[PDB]
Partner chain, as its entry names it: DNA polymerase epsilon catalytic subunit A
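A single chain, nothing else alongside it, follows as structure tokens in the form solved without its partner chain.
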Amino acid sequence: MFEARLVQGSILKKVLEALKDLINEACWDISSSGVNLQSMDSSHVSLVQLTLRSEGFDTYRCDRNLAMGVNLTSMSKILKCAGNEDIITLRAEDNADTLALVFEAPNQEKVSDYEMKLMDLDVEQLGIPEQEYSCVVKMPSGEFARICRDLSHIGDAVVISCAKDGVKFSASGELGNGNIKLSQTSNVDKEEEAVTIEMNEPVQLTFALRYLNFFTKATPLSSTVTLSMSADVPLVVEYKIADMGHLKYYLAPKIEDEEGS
């Protein structure tokens, strides 16, 4: 029987909000290591991964590895009902088909108990080979969200072309063409304002802006996006879930020949 007690319900609320508009069914792989997820999107373009180490949960216990097919929209709707400071207590028992969420108010005056209905999903595993990237940038999440939102109004395909002084989030469209450019900073006391870029080889790619706008819904999770890209390799957008895990988004770069026609 599986029981997890997470003190910070805001983390789960934000995760479910981030995943609600991109994935509808997921295969929650639960092991002794911790909660895991891997389910490429319904449009079959973008891949999403999630990890939650067991050390993060205040109380964790699991005997046998499981596999839960949960409707993400229903889970998001259920989690929206929970408050911002409750203690989520996910629990599944034996071989039932019910997910039992329990929310406890901090003042022990209101205990909410909810129950779900599991569904069977085919366990499809997609290989994730580790490799080395060319352009790796660590930069504030709010800046990335603002850049994507601003460029969504002009065009629909950014051209990330990491340059000598910094990134070059250019675009194009019928209205015109916006060439945004942040300047590299190193002498910053805090790490929330670092825009450090590490290069080995030059890079220049193309991506769909709708998928980037979908990706940036996970801004509240952290404040340091870690865009890592290289030649003919899917882009990796990674956030740090406090000290619990990471939420990586995979997006294959668009083909320049597609824009020709």
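The term rigid core refers to the maximal set of C-alpha atoms that superpose within 1.5 Å between the two forms. Numbering follows the first chain given and starts at 1.
Omitted here: the form solved in complex with its partner chain. The next part is about that form.
- Contact with its partner chain in the bound PDB entry, judged by any heavy atom within 4.5 Å, is made by just one of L221, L47, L227, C62: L47.
- Put simply, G9 is far from its partner chain in the bound PDB entry: not one heavy atom of it is within 4.5 Å.
- Within this chain, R5 is remote from the site of its partner chain in the bound PDB entry, having no heavy atom within 4.5 Å.
- Contact annotation for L251: at least one heavy atom lies within 4.5 Å of its partner chain in the bound PDB entry.
- By the criterion of a heavy atom within 4.5 Å, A163 is excluded from the residues contacting its partner chain in the bound PDB entry.
- Heavy atoms closer than or equal to 4.5 Å to its partner chain in the bound PDB entry belong, across 173-209, to the residues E174, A208, ordered by sequence position.
- Aligning the rigid core between the shown form and the other one and inspecting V102, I160, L121, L99, the C-alpha positions shift by 2 Å or more at one residue, which is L121.
- Once you line up the core between the shown form and the other one, the Cα of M75 ends up 2 Å or more from where it was.
- Look at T73 and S112: in the bound PDB entry their Cα atoms move 3 Å or more farther apart than in this form.
- Note: the CA-CA distance for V123 and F214 contracts in the bound PDB entry relative to this form, by 3 angstroms or more.
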